[PDB]
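Some notes on the structure that comes next.
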Amino acid sequence: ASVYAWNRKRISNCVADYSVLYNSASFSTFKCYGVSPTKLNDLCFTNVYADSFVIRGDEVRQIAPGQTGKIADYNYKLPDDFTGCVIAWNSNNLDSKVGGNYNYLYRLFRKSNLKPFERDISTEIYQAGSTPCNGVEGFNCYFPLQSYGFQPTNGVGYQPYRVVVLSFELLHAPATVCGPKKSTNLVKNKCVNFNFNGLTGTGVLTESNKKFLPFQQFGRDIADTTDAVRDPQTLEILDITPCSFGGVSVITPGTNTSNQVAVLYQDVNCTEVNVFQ
Amino acid sequence: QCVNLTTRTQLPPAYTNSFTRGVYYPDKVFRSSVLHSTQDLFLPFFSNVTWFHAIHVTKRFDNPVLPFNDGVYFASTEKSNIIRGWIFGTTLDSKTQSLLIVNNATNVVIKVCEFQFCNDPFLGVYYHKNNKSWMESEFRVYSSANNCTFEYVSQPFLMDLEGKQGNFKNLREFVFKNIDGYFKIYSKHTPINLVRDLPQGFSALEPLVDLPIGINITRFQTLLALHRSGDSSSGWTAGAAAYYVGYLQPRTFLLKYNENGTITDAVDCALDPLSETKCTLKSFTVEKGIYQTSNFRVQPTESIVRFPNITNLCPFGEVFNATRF
Amino acid sequence: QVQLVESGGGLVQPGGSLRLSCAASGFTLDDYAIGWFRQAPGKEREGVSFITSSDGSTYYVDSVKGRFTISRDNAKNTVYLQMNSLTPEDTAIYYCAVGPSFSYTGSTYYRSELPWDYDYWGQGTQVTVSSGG
Amino acid sequence: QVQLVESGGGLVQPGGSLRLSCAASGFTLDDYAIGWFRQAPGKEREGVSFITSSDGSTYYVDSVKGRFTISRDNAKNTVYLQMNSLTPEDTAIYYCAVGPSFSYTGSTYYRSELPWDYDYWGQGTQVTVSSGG
Ligand SMILES: *[C@@H]1O[C@H](CO)[C@@H](O[C@@H]2O[C@H](CO)[C@@H](O[C@@H]3O[C@H](CO)[C@@H](O)[C@H](O)[C@@H]3O)[C@H](O)[C@H]2NC(C)=O)[C@H](O)[C@H]1NC(C)=O
Ligand SMILES: *[C@@H]1O[C@H](CO)[C@@H](O[C@@H]2O[C@H](CO)[C@@H](O[C@@H]3O[C@H](CO)[C@@H](O)[C@H](O)[C@@H]3O)[C@H](O)[C@H]2NC(C)=O)[C@H](O)[C@H]1NC(C)=O
Ligand SMILES: *[C@@H]1O[C@H](CO)[C@@H](O)[C@H](O)[C@H]1NC(C)=O
């Protein structure tokens, strides 16, 4: 969309691969305020709003928090306090044509500066001076929208640049889009520290024959102690038992008699620690 | 455009007795061959649930507006898939975000959005005599959506759409809850072969979805599909169907998980003294004897405060009303 | 603030006559130096014509001498550049530029093709000359 | 005020290793974004490498990936860009640029090869790579 008529999209209820865009280096400008891309992946957000518009390379400077520009004032305004990522990649190859693409328009002059995150579609002849425009072309009366030349050989400052700005909104209580979670490999038959769907624990995982229900994730025995969990990847049920623990007792015939001692590990099969079970 | 619907008489609402119905799995926890006592929003056993009819015979086109205080149990006895969906909200006039669920013969649509709902929202399937085909023709629910946040459409599917002859064969039981910004739907389907009642027996309701909506829902309505084959406001057939509405209350239930992990049986803790005793003992069977079940107290009313009368009256009138200032 | 508005431009036939009007708001046209600059695509803008002095003396670049005439109208605060014998090489976007004011600087004569000399710059309008047009 | 001084450069053999040091005065190196930009003759300057974040995370352009490494030393208030496998195509003048300060902007991550984004610009030093050199 044109810069004055910037197009906003709403993205939610999904997993957002912020790393993929961050890892890609094609984009000329990646200015993120109040958030880091690596932090974005772990973070959770209620709703992102992506604004897509084509502007000159010079005007890429204007579209930033705390930046004053004619394009910023009359086309798209960015709040200073706002936290988001501004992404700009050169579009001179595709947008530009030998004749020149003048379809992209921008508001040269407007009666008032646009409020933050506000889009104006008004097409009325701007009125300069005391004399009224009357909606007709005249001296001091000009159409606000102005075309972009966007010639193929145009200077890089004037070259068309496609800019998308991401607006992370945490106002709404659930972080529906939020972000992705990369899962480590599964290991069983060894006492490990596990974190399943935010449920943390320590123990040894093993195959289980008990049958859950399709909607049912984990289980607890009497006294509300976890006994089995479903791993979300392969829809399998795994039994959880705490790894061996117990007391160690020393059997001695008395220092007065001898120096040798024996060690008893209580309730711990010691195949994994003259051994008698 | 939706217009007011005529040819609708007024009849007092009917009530029916739900027998051990409205039990859902309170958690995602698996339990085998155990008895679990949980206090949650449940439907009381042997309770009065409102009954709404839909019969050609008036025509009994009943889609009233019902409050949604802290959760609703919704049963549906059908044979021709007359029910379409539900509407949730507070104002239902596009001033506050509303929720819309519709199964319009093609997909399942779940939206949280601002809609200009009219007085009579419904669906209409139009029947052609020349060919044996039924397709939905009218969808009169909302008019506009400006600021919208949640949208969901399931993958397309098709069903019969025809009105079969006989008794109701399908019983759809649903539970709707909204707490902590989560709107939870529990569902269950059951084949039945009775004519007109609420089936007995016990059936736990499996969770269906936990929608992250986070809105205020205080009132709700239901959606019906009519049959057309005269005037738009008169030439409509409701079709045979019945739906029952009950309300959820915070109560304690003792659930019996069998070996497979299903809720085979349940008892209330506030129905009758024997159920309360079973709840205290955590067992469905109680031995002979006397058990200290709970405590009885009298709640005071009409708080009274007494203070001394004839307090010295401070001389405001002599100080204000004086001859000389 | 200073605002410059460019009017005119567009596709014209070879040899065509086209006038560009620069509207001025918030400053006096006579006091400030006026320079019409042409920017080719991919090239730095260069000033075709200039109002060298407050009284109205004008200088024209060799390329546009005779072909281009610049006139300042004080009454409506607008400078008009008239282009004649326009050519495809002439095709470029033309910017109206405000030089430093003659009275404040004390500069009787001021002409500068370099863009940086003129502090204030108008948006400019693209002028295209083609055989088809 | 902010003043940037560029040190290093000059003719080097193909494949040579050369380090450019940007001296910073009047501002803290860590807080402000640091961008090394390359300007070819007749071409607009482009940023080869950037210090994206205050903690020191860095991004490298595909052309200079691996070959160019940028390191910030706060103690000595200098940013060093090390160039390896230098080539005649690499030959150009390199400018040290100061981006907006991370703390004031609130920008954790900031990388921009477009010159206008960086508020402050160093004079720059010419780096030449030739077979004879
Ligand atoms: C996670 O994603 C996968 C798809 O990317 C979903 O199913 C995956 O299905 C494939 C093929 O059916 C599995 O690979 C193979 O499956 C067969 C049958 O089980 C097995 O015999 C092979 O040895 C091989 O495992 C793949 O494992 C499976 N993905 C898993 C286990 O993560 C899967 O449903 C997704 N899970 C969720 C919760 O969405
Ligand atoms: C100030 O003025 C008069 C002087 O005689 C005192 O007499 C009281 O005047 C009111 C006037 O109607 C009598 O009734 C009054 O009217 C309204 C009734 O709604 C009410 O707000 C008060 O209850 C008030 O009684 C009243 O009978 C009469 N006598 C007394 C003992 O109040 C009066 O002493 C003076 N009051 C004050 C506040 O200075
Ligand atoms: C101890 O471990 C061995 C080897 O796995 C196993 O055969 C045995 O049943 C375990 N338990 C005992 C010895 O009580």
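Chain B residue numbers are taken from Swiss-Prot; in order, the displayed residues are 14-70, 76-247, 252-347.
Quick check of the header: electron microscopy, 3.2 Å.
From the backbone N, Cα and C atoms, a Cβ is placed for every residue, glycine too.
What Swiss-Prot records for B:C15-B:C136 (among others) is disulfide bond, and it gives sequence analysis as the kind of evidence. The DSSP secondary structure for B:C15 (disulfide bond) is coil.
For B:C131-B:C166 (among others), the entry in Swiss-Prot reads disulfide bond. There are 18 other Cβ atoms within 10 Å of the Cβ belonging to B:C131 (disulfide bond).
Mapped onto three states, the DSSP output places B:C301 (disulfide bond) in helix. Cβ neighbour count for B:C301 (disulfide bond) (all protein chains, 10 Å cutoff from its Cβ): 21. As annotated by Swiss-Prot, disulfide bond applies to B:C291-B:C301 (among others).
For B:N17 (N-linked glycosylation site), applying a Cβ distance below 8 Å and a minimum sequence separation of six or more within one chain yields B:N137, B:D138, B:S255. Annotated N-linked glycosylation site per Swiss-Prot: B:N17 (among others), in sequence order.
The secondary structure of B:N61 (N-linked glycosylation site), as reduced to three states from DSSP, is extended strand. Taken from Swiss-Prot, the feature N-linked glycosylation site covers B:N61 (among others).
Summarising the annotation, Swiss-Prot assigns N-linked glycosylation site to B:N122 (among others) and lists experimental evidence as the type of evidence. Following the DSSP three-state reduction, the secondary structure of B:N122 (N-linked glycosylation site) is coil. Just so you know, the Cβ of B:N122 (N-linked glycosylation site) picks up 16 other Cβ atoms within 10 Å once every protein chain is counted.
If you take the C-beta of B:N149 (N-linked glycosylation site) and look for same-chain residues 6 or more apart in sequence within under 8 angstroms, you find none. According to Swiss-Prot, the N-linked glycosylation site annotation covers B:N149 (among others).
Under 8 Å, Cβ to Cβ, and six or more positions away along its own chain, B:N165 (N-linked glycosylation site) finds B:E132. Residues annotated as N-linked glycosylation site in Swiss-Prot, with experimental evidence given as evidence: B:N165 (among others).
Around the Cβ of B:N234 (N-linked glycosylation site), a 10 Å sphere holds 13 further Cβ atoms from the protein chains shown. Residues or ranges marked as N-linked glycosylation site in Swiss-Prot (evidence: experimental evidence): B:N234 (among others).
For B:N282 (N-linked glycosylation site), other Cβ atoms within 10 Å of its Cβ number 13. In the three-state DSSP assignment, the secondary structure recorded for B:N282 (N-linked glycosylation site) is coil. Marked as N-linked glycosylation site by Swiss-Prot: B:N282 (among others).
In the structure as shown, the Cβ atom of B:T323 (O-linked glycosylation site) sits within 10 Å of 5 other Cβ atoms. The O-linked glycosylation site annotation in Swiss-Prot covers B:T323 (among others) and rests on experimental evidence.
Summarising the annotation, Swiss-Prot assigns O-linked glycosylation site to B:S325 (among others). Under 8 Å, Cβ to Cβ, and six or more positions away along its own chain, B:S325 (O-linked glycosylation site) finds no residue. DSSP assigns B:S325 (O-linked glycosylation site) to coil in the three-state reduction, outside any helix or strand.
Neighbour density for B:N331 (N-linked glycosylation site): within 10 A of its CB lie 5 other CB atoms from the protein chains shown. According to Swiss-Prot, the feature N-linked glycosylation site maps to B:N331 (among others).
Following the DSSP three-state reduction, the secondary structure of B:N343 (N-linked glycosylation site) is coil. Taking Cβ-Cβ distances under 8 Å and a sequence separation of 6 or more, B:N343 (N-linked glycosylation site) has no neighbours in its chain. Taken from Swiss-Prot, the feature N-linked glycosylation site covers B:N343 (among others).
Proximity of distant same-chain residues to the region 'Disordered' (B:142-164), defined by a Cβ-Cβ separation under 8 Å and at least 6 residues beyond the stretch ends, is recorded for 14-15, 105, 112, 118, 120, 122-123, 131-136, 178-180, 241, 243-247, 258. The region 'Disordered' annotation in Swiss-Prot covers B:142-164 (among others), and the record cites a curator's inference as its basis.
Per Swiss-Prot, the feature region 'Disordered' maps to B:173-185 (among others); the stated evidence is a curator's inference. With a cut-off of 8 Å between Cβ atoms, the residues of this chain six or more beyond the region 'Disordered' (B:173-185) that come close are 97-99, 123-125, 143, 152-154, 211-214, 245, 261-262.
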Query: How many whole Å apart are the CA atoms of B:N61 (N-linked glycosylation site) and B:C291 (disulfide bond)?
result: 18
- prompt: For the recorded positions B:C15, B:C131, B:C136, B:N149, B:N282, which residues show a Cβ-Cβ distance under 8 Å to chain A?
  reply: B:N282
Message: Run a quick check on B:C136, B:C166, B:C301: which of these disulfide-bonded residues have any Cβ-Cβ distance to chain C under 8 Å?
response: none
Task: Using all protein chains in view, find how many other C-beta atoms are within 10 Å of the C-beta of B:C136 (disulfide bond).
output: 17
Field: Tally of DSSP helical, extended and coil residues in the region 'Disordered' (B:173-185)
entry: 0 helix, 0 strand, 13 coil
Query: What Cα-Cα separation, expressed in whole Å, is found between B:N234 (N-linked glycosylation site) and B:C131 (disulfide bond)?
result: 12
Query: If you run the three-state DSSP split on B:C166 (disulfide bond), which class comes out?
result: strand
- prompt: Does DSSP give B:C131 (disulfide bond) helix, strand or coil?
  reply: strand
Message: Using the alpha carbons only, what distance in Å do you get between B:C166 (disulfide bond) and B:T323 (O-linked glycosylation site) once rounded?
response: 49
